[PDB]
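This report refers to the structure that appears directly beneath it.
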Amino acid sequence: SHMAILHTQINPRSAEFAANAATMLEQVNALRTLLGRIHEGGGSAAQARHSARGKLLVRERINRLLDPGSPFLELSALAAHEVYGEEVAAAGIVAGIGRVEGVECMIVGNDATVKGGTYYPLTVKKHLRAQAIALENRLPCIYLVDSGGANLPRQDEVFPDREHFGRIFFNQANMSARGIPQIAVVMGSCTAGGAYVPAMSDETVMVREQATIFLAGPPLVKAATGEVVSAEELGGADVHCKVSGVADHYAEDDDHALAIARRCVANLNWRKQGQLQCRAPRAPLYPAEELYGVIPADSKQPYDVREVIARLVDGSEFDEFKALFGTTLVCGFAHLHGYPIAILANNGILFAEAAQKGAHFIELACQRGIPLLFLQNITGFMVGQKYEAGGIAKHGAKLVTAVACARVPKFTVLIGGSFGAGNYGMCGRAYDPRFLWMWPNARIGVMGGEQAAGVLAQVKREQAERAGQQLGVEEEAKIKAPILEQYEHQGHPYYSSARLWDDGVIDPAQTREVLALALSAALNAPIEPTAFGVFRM
Amino acid sequence: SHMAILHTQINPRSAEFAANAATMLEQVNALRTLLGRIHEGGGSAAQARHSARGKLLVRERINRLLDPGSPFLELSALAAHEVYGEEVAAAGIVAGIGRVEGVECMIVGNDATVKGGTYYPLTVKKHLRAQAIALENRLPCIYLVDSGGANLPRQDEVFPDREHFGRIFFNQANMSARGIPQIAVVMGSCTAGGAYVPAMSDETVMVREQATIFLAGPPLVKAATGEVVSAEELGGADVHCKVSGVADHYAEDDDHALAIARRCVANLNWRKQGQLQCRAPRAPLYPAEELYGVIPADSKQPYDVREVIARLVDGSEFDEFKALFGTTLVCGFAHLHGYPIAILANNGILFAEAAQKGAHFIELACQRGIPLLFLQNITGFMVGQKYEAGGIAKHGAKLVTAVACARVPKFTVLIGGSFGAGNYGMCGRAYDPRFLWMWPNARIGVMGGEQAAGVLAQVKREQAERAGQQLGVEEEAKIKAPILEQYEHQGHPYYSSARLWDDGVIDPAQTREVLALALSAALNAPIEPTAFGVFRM
Amino acid sequence: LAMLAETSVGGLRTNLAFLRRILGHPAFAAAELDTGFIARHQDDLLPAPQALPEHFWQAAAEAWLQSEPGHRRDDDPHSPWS
Ligand SMILES: CC(C)(COP(=O)(O)OP(=O)(O)OC[C@H]1O[C@@H](n2cnc3c(N)ncnc32)[C@H](O)[C@@H]1OP(=O)(O)O)[C@@H](O)C(=O)NCCC(=O)NCCS
Ligand SMILES: CC(C)(COP(=O)(O)OP(=O)(O)OC[C@H]1O[C@@H](n2cnc3c(N)ncnc32)[C@H](O)[C@@H]1OP(=O)(O)O)[C@@H](O)C(=O)NCCC(=O)NCCS
Ligand SMILES: *C(=O)CCCC[C@@H]1SC[C@@H]2NC(=O)N[C@@H]21
């Protein structure tokens, strides 16, 4: 197959190259460094105050739980970043996928150090987002509960609605029903809300003289029919392991607890459901870091994606579909770490052709049960009078139906710009890709900065024109100012990943490494047959 | 299992053996040489005028596409032999199954050399017979499109009806829906009819400056609202790869085009669904060559079938069912190149107990999901007055029900005579065996030469008898003469394979290896459970 | 000379060829030794090339074919299609 090879045209030595490579790499260190700060939790301050109570710290409980040197895919680390007034590191809960007794597991634990480990809205959003990855990919669940309650001041966004707290239990009872075991480790306070995570879980474990599961802790219970009693008396580890039966395992301490945990994950008689025709894993043909220099630093300076593909696929072998048709969209087959995958990467605009090319490709990947990988760097759909009277409208729709309907594992990485219709047709957040990631240079918004400022300002001088007047560049310029900046802001990776519109920002040069991880994990669950809606021809 | 062995009773050195083995081998050489003539296609003549245009010949295209040294089972090579007025080599379409990227594939290509590659009635029949083997055994299809149109003079038998052209498109869209990839390689003209073969296909390839896919070629198009345009401009290679999108891959020439093709079959994520308890392959105990002399030369001369059995099964181990009962039909279990199989081979007439024996066997076979192997050499059902009053009618029926309904893989090979009810009770063409083959020595017909002239002429003097007259040896003999010769003509293998009543005439001493190839190939498709109709007790 | 024939180096320009025949040149049998030797029988030891027989091509073709087992499917290993 020495012809399915992608011969680069990138000079790793060129000036231009190191130029891009430069700003790219800077961006990665920008992320590298913020990521470290968030590993701080509630800060050196109370963090030390934690260890004082004899409690292993959050991120350490995880390292201890995982298998010797197993990897760990963390989700939305930038969670709630610069979102609430205060600082709430990783939204007070760290979750991710890691090996435990030879099973790719979804692990969720709270940082009792971040504002008491209580649930701010984004905490619930992230906790939930994990059980989604848990369900969608069938990975058993380990919950390391150690939280206060729900952040009382902001409850109107934590308690009522469908996707608020309490949907946590829903999801748990359902996964337990679909046979994705639910395991719990209580290593702290567990008042009211989070009181159910331990009570609704196939198996539960408690750390004596530390863990407490009560629907109403002493604060509330004194506020009840008076009554005054201690934490360990009310609902401690001995109360629920020897008497009630809300716990199943009596642990000695954080380290023991985790040990008991692993042992449960051991007798799971677990078998993976996926099934692809994976081949022996061959590394790419070019250093994966060369990427730093493949990506222009000039936001809107066109480059060829095939160069990006060349650095992720195995042996930089790529078989391209409708090679020279609707070139704005690149499609093809190849493998990644053995697993066969179908790629759809943007290479410019997106005229009708592209859409059709894409719909047609999906049909083929959907028929052979091959997972799809979307590479977004879409600026939008070519507009105009002919392009529109040509159905660039309905053609684009054929693409979405395809994507929207595809039941094969779908994966999305933002390596350019997700702006407008584009984001959708390329399996954006709203289309359930099992995972969706963002490079640091990627920018996502409804449309460009002045683009919006353009229309939003223009109607203002159209309503005011057929109104016997006009808008002088005085008020016009003041109607554009705010928007121009607003968009610049709401388009950066941090802004996105802090709100979970992505399961995180990643290292461009590690993309492959994460894609294979994901895929593998996504194979814990069967690849389903696909059923397409109606296709507007 | 040194008991399940078949110890031979044939002396390979005897004179009688050398006698049979003689006229047998001649028969084979007879076939040998014809098959060579057919390899010539439209004759050195235009065949060379082909390579002229820089086009690779048909069978050459196939060997290039196949895997290095892979085997290739060809289908109905004697297709259309001495059928049409002119010589229409292998019906101007070569089809067969072969390894392509580790997948047993169904391949079909047209011989541009044979009368312009157009579809004569049987070209269509052969084409469709291929898609059958393809749907029935789940073998991905590779169409090497290089045909004129449909043979204009004989359209009445090539266009309308159900199993006529256009049913090619029917099977095609259905195969792509039942998930059997449909790959198309265009390497010549492809006007009108065959224009859909590449239009209706999961993936399609075109050879530049040579491939042409259009509804109406320039002859027809000029015959339209005038207009005079060239081949290359109307529907060339560059038009459908860069403009319309009817093609997907732009190949530089015949060799490239096939290479592109291989690649597609490579990203199929294909997996076989058959499933048997195959055991390690162990060769027979008697040279399969010796078959030549086991089969008598005197057509209606009694021989023991178990002899042919012992030279095809693994280790000539064969366990016989209802050993000594209605011995006219021999039934047993054995293995063939690993694959276990249940056999039913004629050994004479066929009384009532023989069919009850065979129907009972088919139940055990169909109950364990073991392939069925039929070896025909049946002259008919024992007739008589007590015989008929004994139900040789309803019991015979019992057999056919079982055969017609058996859903495991059925395989038939004619090594004697397919005559009358026999052919049906032994899985003849009409019972859809996955594959049906014919030996050089075997003859097929509704009933013997003079047998039919017997009755056919008898009645003529029965209607002329109760009509106050009689049949004089002068008219009766002129009634039977034409029949006695007709039957001899349409009873011969060439006549048979010529009209696709079988997927080809084979080398008796090669049988064993054809069966292995087939069986394995049919394991690309799941052995389905069987449901029997009502049994007339 | 035995050793030189049992040695095989491939994927590069080698003098392994030259030596084999310089130990075999009859001049080397007898003491026809001096420092011009290598220059002298220059022809005998550095022959001119030639796309030698079909004799070759044939074997090389059969050898190449025999060193690619085809492919064995996990589906049915015993598959004769290999
Ligand atoms: C959970 C609890 C035992 C904390 O014990 P602790 O380890 O001593 O932690 P602290 O009491 O020091 O709490 C410190 C932080 O927790 C936060 N916190 C605790 N519970 C909270 C809640 N329910 N809502 C909002 N904030 C809460 C406080 O705001 C405080 O923030 P600060 O550090 O910035 O000042 C105590 O807060 C408690 O009893 N809370 C009960 C929670 C509850 O009843 N929730 C029911 C709603 S479902
Ligand atoms: C197919 C075509 C391009 C042939 O190109 P070519 O390579 O130059 O081949 P030629 O023109 O030399 O054709 C030679 C043979 O093709 C045969 N032929 C071609 N198309 C035929 C047809 N549709 N019906 C009957 N015979 C046909 C001719 O009878 C001729 O026979 P001969 O060699 O015994 O004299 C040309 O015949 C053509 O344009 N045909 C259109 C067919 C069509 O419109 N069919 C629609 C029905 S589905
Ligand atoms: C930035 O350049 C956005 C392009 C604006 C074009 C318009 S806005 C969203 C619509 N969808 C799309 O693909 N482009 C359209």
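We label chains A, B, ... in the order they appear in the structure tokens, count residues from 1 in each chain, and number ligands from 1 in the order shown.
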Note to self: Around ligand 1, which protein and nucleic acid residues have at least one atom no more than 7 Å from it, if we count only C-alpha atoms and all ligand atoms? List them as a ChimeraX atom specification.
What the structure shows: /A:115-116,118,147-153,189,191-193,216-217,219-220
Item checked: Within 12 Å of ligand 3, counting only C-alpha atoms and all ligand atoms, residues as a VMD selection string -> chain A and resid 299 to 300 348 to 352 355 377 to 384 387 to 388 392 to 393 395 to 397 417 to 426 443 to 455 487
Margin query: Need the shell around residue B:343: protein/DNA/RNA residues with any atom at most 6 Å away, counting only C-alpha atoms. Skip same-chain ones fewer than 6 positions apart. Format as a ChimeraX atom specification?
Written below: /B:331-332,372-373
Residue subset to file, keeping N, CA, C and O atoms, as a short mmCIF file (atom, residue, chain, number, x, y, z; two decimals), in the first residue's frame:
data_model
loop_
_atom_site.label_atom_id
_atom_site.label_comp_id
_atom_site.auth_asym_id
_atom_site.auth_seq_id
_atom_site.Cartn_x
_atom_site.Cartn_y
_atom_site.Cartn_z
N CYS B 331 -25.87 -42.31 2.57
CA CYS B 331 -25.84 -41.08 3.35
C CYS B 331 -24.82 -41.15 4.45
O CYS B 331 -24.74 -42.15 5.15
N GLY B 332 -24.05 -40.07 4.61
CA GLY B 332 -23.04 -40.06 5.66
C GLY B 332 -22.43 -38.72 6.07
O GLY B 332 -22.59 -37.68 5.43
N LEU B 372 -24.70 -29.50 3.28
CA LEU B 372 -25.17 -30.68 2.55
C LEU B 372 -24.48 -30.87 1.21
O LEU B 372 -24.34 -29.92 0.42
N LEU B 373 -24.04 -32.10 0.95
CA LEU B 373 -23.38 -32.39 -0.31
C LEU B 373 -24.11 -33.46 -1.09
O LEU B 373 -24.17 -34.61 -0.64
#
Using only C-alpha atoms, find each residue of chain C with at least one atom at most 9 Å away from an atom of chain B; report its shortest atom-to-atom pair and that distance in Å (one decimal), sort the rows by chain and rising residue number, and return the result as JSON lines.
{"residue": "C:65", "atom": "CA", "partner": "B:68", "partner_atom": "CA", "distance": 6.9}
{"residue": "C:68", "atom": "CA", "partner": "B:68", "partner_atom": "CA", "distance": 7.9}
{"residue": "C:70", "atom": "CA", "partner": "B:68", "partner_atom": "CA", "distance": 6.8}
{"residue": "C:71", "atom": "CA", "partner": "B:102", "partner_atom": "CA", "distance": 5.8}
{"residue": "C:72", "atom": "CA", "partner": "B:102", "partner_atom": "CA", "distance": 7.4}
{"residue": "C:73", "atom": "CA", "partner": "B:102", "partner_atom": "CA", "distance": 7.0}
{"residue": "C:75", "atom": "CA", "partner": "B:272", "partner_atom": "CA", "distance": 5.9}
{"residue": "C:76", "atom": "CA", "partner": "B:520", "partner_atom": "CA", "distance": 7.5}
{"residue": "C:78", "atom": "CA", "partner": "B:338", "partner_atom": "CA", "distance": 6.8}
{"residue": "C:79", "atom": "CA", "partner": "B:520", "partner_atom": "CA", "distance": 6.0}
{"residue": "C:80", "atom": "CA", "partner": "B:517", "partner_atom": "CA", "distance": 6.0}
{"residue": "C:81", "atom": "CA", "partner": "B:517", "partner_atom": "CA", "distance": 6.4}
{"residue": "C:82", "atom": "CA", "partner": "B:70", "partner_atom": "CA", "distance": 6.7}
Check: Which of these residues is nearest to chain B, using only C-alpha atoms: A:531, A:467, A:31, A:93?
Finding: A:531
Item checked: Spatial neighbours of stretch 4-12 of chain A, max dist 8 Å, only C-alpha atoms, sep filter under 3 positions, as a list in words ->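 Returned residues: residues 1, 17, 18, 290, 293, 294, 306, 307, 310, 315, 316, 317, 318 and 319 of chain A.
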Next item on the list: Find the residues around residue B:88 up to 9 Å (only C-alpha atoms counted), leave out those fewer than 3 positions away in its own chain, and share them as a VMD selection string.
Entry: chain B and resid 38 41 to 42 79 to 85 91 to 92 114 to 115 120
Write out the residues from the selection above, keeping N, CA, C and O atoms, as a PDB file, in the first residue's frame.
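Heads up, here's the output in result.pdb:
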ATOM      1  N   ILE B  38     -11.948 -20.571 -25.521  1.00  0.00           N
ATOM      2  CA  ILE B  38     -12.756 -19.506 -24.936  1.00  0.00           C
ATOM      3  C   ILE B  38     -11.921 -18.392 -24.287  1.00  0.00           C
ATOM      4  O   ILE B  38     -12.391 -17.265 -24.130  1.00  0.00           O
ATOM      5  N   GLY B  41     -11.360 -14.959 -26.113  1.00  0.00           N
ATOM      6  CA  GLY B  41     -12.290 -13.847 -26.190  1.00  0.00           C
ATOM      7  C   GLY B  41     -12.800 -13.675 -27.602  1.00  0.00           C
ATOM      8  O   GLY B  41     -13.215 -14.647 -28.214  1.00  0.00           O
ATOM      9  N   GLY B  42     -12.788 -12.449 -28.117  1.00  0.00           N
ATOM     10  CA  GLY B  42     -13.242 -12.220 -29.477  1.00  0.00           C
ATOM     11  C   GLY B  42     -12.198 -12.594 -30.529  1.00  0.00           C
ATOM     12  O   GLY B  42     -12.225 -12.110 -31.655  1.00  0.00           O
ATOM     13  N   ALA B  79     -20.206 -20.634 -21.027  1.00  0.00           N
ATOM     14  CA  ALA B  79     -21.339 -19.752 -21.224  1.00  0.00           C
ATOM     15  C   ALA B  79     -21.617 -19.420 -22.679  1.00  0.00           C
ATOM     16  O   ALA B  79     -20.747 -18.933 -23.389  1.00  0.00           O
ATOM     17  N   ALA B  80     -22.842 -19.686 -23.105  1.00  0.00           N
ATOM     18  CA  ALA B  80     -23.281 -19.373 -24.456  1.00  0.00           C
ATOM     19  C   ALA B  80     -22.562 -20.111 -25.560  1.00  0.00           C
ATOM     20  O   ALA B  80     -22.479 -19.605 -26.693  1.00  0.00           O
ATOM     21  N   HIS B  81     -22.063 -21.303 -25.249  1.00  0.00           N
ATOM     22  CA  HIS B  81     -21.344 -22.098 -26.240  1.00  0.00           C
ATOM     23  C   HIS B  81     -22.246 -22.664 -27.337  1.00  0.00           C
ATOM     24  O   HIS B  81     -23.207 -23.387 -27.056  1.00  0.00           O
ATOM     25  N   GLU B  82     -21.911 -22.362 -28.588  1.00  0.00           N
ATOM     26  CA  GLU B  82     -22.708 -22.831 -29.705  1.00  0.00           C
ATOM     27  C   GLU B  82     -24.165 -22.535 -29.384  1.00  0.00           C
ATOM     28  O   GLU B  82     -25.018 -23.391 -29.588  1.00  0.00           O
ATOM     29  N   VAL B  83     -24.461 -21.354 -28.848  1.00  0.00           N
ATOM     30  CA  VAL B  83     -25.857 -21.050 -28.548  1.00  0.00           C
ATOM     31  C   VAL B  83     -26.340 -19.996 -29.482  1.00  0.00           C
ATOM     32  O   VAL B  83     -27.360 -20.165 -30.126  1.00  0.00           O
ATOM     33  N   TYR B  84     -25.612 -18.896 -29.545  1.00  0.00           N
ATOM     34  CA  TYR B  84     -25.992 -17.819 -30.438  1.00  0.00           C
ATOM     35  C   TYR B  84     -25.445 -18.156 -31.832  1.00  0.00           C
ATOM     36  O   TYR B  84     -24.602 -19.049 -31.952  1.00  0.00           O
ATOM     37  N   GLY B  85     -25.927 -17.489 -32.884  1.00  0.00           N
ATOM     38  CA  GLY B  85     -25.410 -17.777 -34.213  1.00  0.00           C
ATOM     39  C   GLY B  85     -23.888 -17.724 -34.217  1.00  0.00           C
ATOM     40  O   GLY B  85     -23.208 -18.705 -34.506  1.00  0.00           O
ATOM     41  N   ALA B  91     -19.870 -15.940 -22.929  1.00  0.00           N
ATOM     42  CA  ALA B  91     -20.957 -14.977 -22.960  1.00  0.00           C
ATOM     43  C   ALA B  91     -20.512 -13.527 -22.834  1.00  0.00           C
ATOM     44  O   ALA B  91     -21.313 -12.680 -22.454  1.00  0.00           O
ATOM     45  N   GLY B  92     -19.241 -13.249 -23.143  1.00  0.00           N
ATOM     46  CA  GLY B  92     -18.697 -11.891 -23.088  1.00  0.00           C
ATOM     47  C   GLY B  92     -18.649 -11.229 -21.718  1.00  0.00           C
ATOM     48  O   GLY B  92     -18.728  -9.988 -21.610  1.00  0.00           O
ATOM     49  N   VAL B 114     -15.369  -9.420 -27.006  1.00  0.00           N
ATOM     50  CA  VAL B 114     -16.509 -10.217 -27.463  1.00  0.00           C
ATOM     51  C   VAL B 114     -17.633  -9.294 -27.919  1.00  0.00           C
ATOM     52  O   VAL B 114     -18.153  -8.530 -27.124  1.00  0.00           O
ATOM     53  N   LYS B 115     -18.009  -9.391 -29.196  1.00  0.00           N
ATOM     54  CA  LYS B 115     -19.039  -8.543 -29.821  1.00  0.00           C
ATOM     55  C   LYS B 115     -19.295  -7.216 -29.097  1.00  0.00           C
ATOM     56  O   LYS B 115     -20.414  -6.943 -28.651  1.00  0.00           O
ATOM     57  N   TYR B 120     -25.701 -10.046 -24.456  1.00  0.00           N
ATOM     58  CA  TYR B 120     -26.612 -10.951 -25.158  1.00  0.00           C
ATOM     59  C   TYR B 120     -27.450 -11.515 -24.046  1.00  0.00           C
ATOM     60  O   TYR B 120     -27.095 -11.400 -22.880  1.00  0.00           O
TER      61      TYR B 120
END
Using only C-alpha atoms, what table do you get, as a tab-separated table, when you list each residue of chain B with an atom no more than 12 Å from chain A, its nearest pair of atoms, and their distance in Å rounded to one decimal, rows by chain then rising number?
residue	atom	partner	partner_atom	distance
B:101	CA	A:1	CA	11.0
B:140	CA	A:368	CA	11.6
B:175	CA	A:367	CA	11.3
B:176	CA	A:367	CA	8.3
B:177	CA	A:367	CA	8.2
B:178	CA	A:367	CA	9.0
B:179	CA	A:367	CA	6.1
B:180	CA	A:367	CA	8.7
B:181	CA	A:368	CA	8.3
B:182	CA	A:364	CA	10.3
B:183	CA	A:364	CA	11.4
B:201	CA	A:364	CA	10.5
B:202	CA	A:364	CA	6.8
B:203	CA	A:321	CA	8.5
B:204	CA	A:322	CA	9.2
B:205	CA	A:322	CA	9.7
B:206	CA	A:322	CA	11.4
B:237	CA	A:324	CA	11.9
B:238	CA	A:324	CA	9.8
B:239	CA	A:325	CA	10.6
B:240	CA	A:325	CA	9.1
B:241	CA	A:324	CA	6.5
B:242	CA	A:325	CA	5.2
B:243	CA	A:325	CA	7.0
B:244	CA	A:325	CA	8.4
B:245	CA	A:325	CA	6.8
B:246	CA	A:322	CA	9.4
B:247	CA	A:322	CA	7.3
B:248	CA	A:322	CA	4.1
B:249	CA	A:322	CA	5.9
B:250	CA	A:323	CA	7.5
B:251	CA	A:323	CA	10.6
B:256	CA	A:3	CA	10.1
B:259	CA	A:1	CA	9.0
B:260	CA	A:319	CA	8.7
B:261	CA	A:319	CA	10.7
B:262	CA	A:1	CA	9.5
B:263	CA	A:319	CA	7.3
B:264	CA	A:319	CA	8.0
B:265	CA	A:368	CA	11.0
B:266	CA	A:333	CA	9.4
B:267	CA	A:333	CA	6.5
B:268	CA	A:368	CA	6.2
B:269	CA	A:277	CA	5.2
B:270	CA	A:277	CA	7.0
B:271	CA	A:277	CA	7.3
B:272	CA	A:277	CA	10.9
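The space separating atom CA of residue A:20 from atom CA of residue A:286 comes to 17.4 Å.
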Next item on the list: Do a neighbour search on residue A:109 at 8 Å with only C-alpha atoms, toss out local chain neighbours closer than 3 positions, and write the hits as a ChimeraX atom specification.
Entry: /A:58,93-95,143-146
Pick out each residue of stretch 413-452 of chain B that DSSP on the backbone tags as strand (DSSP E); I need them as a short mmCIF file (atom, residue, chain, number, x, y, z; two decimals) with N, CA, C and O atoms, in the first residue's frame.
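Resulting contents of part.cif:
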data_model
loop_
_atom_site.label_atom_id
_atom_site.label_comp_id
_atom_site.auth_asym_id
_atom_site.auth_seq_id
_atom_site.Cartn_x
_atom_site.Cartn_y
_atom_site.Cartn_z
N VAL B 413 -23.25 -31.68 -7.21
CA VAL B 413 -22.34 -32.01 -8.29
C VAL B 413 -22.84 -33.26 -9.02
O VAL B 413 -23.17 -34.28 -8.41
N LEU B 414 -22.93 -33.12 -10.34
CA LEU B 414 -23.42 -34.15 -11.21
C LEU B 414 -22.31 -35.06 -11.66
O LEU B 414 -21.47 -34.65 -12.44
N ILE B 415 -22.32 -36.30 -11.17
CA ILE B 415 -21.27 -37.26 -11.54
C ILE B 415 -21.80 -38.49 -12.25
O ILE B 415 -21.08 -39.48 -12.48
N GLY B 416 -23.08 -38.43 -12.59
CA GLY B 416 -23.70 -39.53 -13.27
C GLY B 416 -24.79 -39.02 -14.15
O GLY B 416 -24.54 -38.41 -15.18
N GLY B 417 -26.03 -39.24 -13.74
CA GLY B 417 -27.14 -38.79 -14.55
C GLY B 417 -28.25 -38.11 -13.78
O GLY B 417 -28.75 -38.63 -12.78
N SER B 418 -28.61 -36.93 -14.24
CA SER B 418 -29.68 -36.16 -13.65
C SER B 418 -30.82 -36.48 -14.56
O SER B 418 -30.88 -35.99 -15.67
N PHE B 419 -31.72 -37.33 -14.10
CA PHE B 419 -32.85 -37.70 -14.92
C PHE B 419 -34.20 -37.76 -14.17
O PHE B 419 -34.37 -38.52 -13.21
N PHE B 435 -23.93 -23.74 -4.95
CA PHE B 435 -23.22 -24.03 -6.19
C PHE B 435 -23.63 -25.36 -6.80
O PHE B 435 -23.83 -26.34 -6.07
N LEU B 436 -23.74 -25.41 -8.12
CA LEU B 436 -24.09 -26.66 -8.80
C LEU B 436 -23.04 -26.96 -9.87
O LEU B 436 -22.82 -26.12 -10.73
N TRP B 437 -22.41 -28.13 -9.83
CA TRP B 437 -21.41 -28.42 -10.84
C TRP B 437 -21.63 -29.67 -11.64
O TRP B 437 -22.40 -30.54 -11.25
N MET B 438 -20.94 -29.77 -12.77
CA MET B 438 -21.12 -30.90 -13.65
C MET B 438 -19.83 -31.52 -14.13
O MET B 438 -18.95 -30.82 -14.62
N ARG B 443 -24.66 -36.74 -17.75
CA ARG B 443 -25.66 -36.24 -18.71
C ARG B 443 -27.00 -35.93 -18.04
O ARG B 443 -27.50 -36.70 -17.22
N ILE B 444 -27.61 -34.82 -18.42
CA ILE B 444 -28.88 -34.43 -17.83
C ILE B 444 -30.04 -34.29 -18.81
O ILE B 444 -29.88 -33.77 -19.91
N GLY B 445 -31.21 -34.76 -18.38
CA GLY B 445 -32.42 -34.68 -19.19
C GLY B 445 -33.68 -35.15 -18.46
O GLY B 445 -33.60 -35.95 -17.53
#
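Residues of stretch 2-42 of chain C that DSSP places in alpha helix (DSSP H), based on the backbone of this structure, are residues 2, 3, 4, 5, 6, 16, 17, 18, 19, 20, 21, 22, 23, 24, 26, 27, 28, 29, 37, 38, 39, 40 and 42 of chain C.
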